[PDB]
Each structure stands twice: as C-alpha cells, then as structure tokens.
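Encoded as structure tokens, the structure appears first; notes follow it.
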Amino acid sequence: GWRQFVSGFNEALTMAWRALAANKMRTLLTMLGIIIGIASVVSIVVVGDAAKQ
Amino acid sequence: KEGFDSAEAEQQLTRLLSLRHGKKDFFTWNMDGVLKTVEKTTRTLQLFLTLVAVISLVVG
C-alpha cells in the first residue's frame, strides 16, 4: 500500500533526521560535497550563458 | 627578432620614418602585441577552466 509508503516518507523523514543526528558532522561534509557541486553547476551555467548573451 | 617587444621600436621606427621621410606618413599597424594580448586571453581561459575544474576535483 502507498499509505505506508508516504507514511514511510515522513516518518522515515524523521528517522532520517535522527540518523543524521547520529552523524551531523559526516552529514555536514557530505552535504557540503553536494552543495559546492550543484552551486558550481548553476553558477557556471548561468555565467556562461550570460557571457554568451 | 630578439624576442623583442612590438610595442618598442615601432615608435623608434616612427621617428625613423619621420626622419628618412620629411613627414610622418608610414602609419603602420602594430604587430605581435595583438598576439600578446590574445595569448594572455587564451591562457586566461586556460586559467579559468583548469582552475575551476581542479577545484571541483579537490571538492571530489
């Protein structure tokens, strides 16, 4: 059932917050690894598009 | 030759032709300096590209 799937989404959202609470620092380095990436993505896309403009 | 700068001598040649002819007239277009600046430009592109790439890789 999709009921336990969405209840899974939010309740294991909380479970996720807790599992991250187990390693906030590791979570930090991880998320930062994500952040610099995507930020650089949109960055270079927009700037290259603009100079192109 | 000499690896000598284009920016120099052309002025020397300027007065030179201002002499060997009685009036300035040669009105020549500058050499090499355009090559200089486009070289700085392309190497600059190398700088941007390679640097952002390597930084991203360090992030990796």
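A short reminder: the numbers here are calculations on the coordinates, not readings from a lab. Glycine gets a Cβ as well: all are built from the backbone with ideal geometry, and neighbour counts include every protein chain shown.
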I'd like the orientation of helix B:33-59 relative to chain B: the angle between its Cα long axis and the longest Cα principal axis, in ° from 0 to 90, rounded to 10.
10
Helix A:3-22 axis, angle to chain A major axis (alpha carbon atoms, nearest 10°):
80
Cα to Cα, under 16 Å, and not fewer than 8 places away if on the same chain: which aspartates and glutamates meet these conditions relative to B:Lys40?
B:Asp5, B:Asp32
Give, rounded to the nearest 20 debye, the magnitude of the charge dipole that chain B has about its Cα centre when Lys and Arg contribute +1 at Cβ and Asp and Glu contribute -1 at Cβ.
160
Would you mind getting me the FRET efficiency between A:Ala50 and B:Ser6? Use the beta-carbon distance for r and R0 = 41 Å, nearest 0.05.
0.75
Which value, in debye to the nearest 20, describes the size of the charge dipole of the protein assembly as shown about its Cα centre when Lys and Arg Cβ atoms bear +1, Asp and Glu Cβ atoms bear -1, and nothing else is charged?
260
Among B:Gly33, A:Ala22, B:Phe4, which residue has its Cα positioned farthest towards the positive end of the charge dipole of the protein assembly as shown, with +1 placed on the Cβ of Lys and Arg, -1 on the Cβ of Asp and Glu, and the dipole taken about the Cα centre?
A:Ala22
Work the Kirkwood hydrodynamic radius out for chain B: mean of 1/r over every pair of different alpha-carbon atoms, inverted, in Å.
14.6
C-alpha long axis of helix A:24-52 to longest principal axis of chain A, angle in °
30
Please work out, to two decimal places, the log10 of the ratio I(q)/I(0) at q = 0.13, 0.17, 0.22 Å⁻¹ from a Debye calculation in which every Cα of the protein assembly as shown carries one identical scatterer.
-0.82, -0.97, -1.18
When the Debye formula is applied to the Cα atoms of chain A, each taken as the same point scatterer, what base-10 log of I(q)/I(0) results at q = 0.18 Å⁻¹?
-0.73
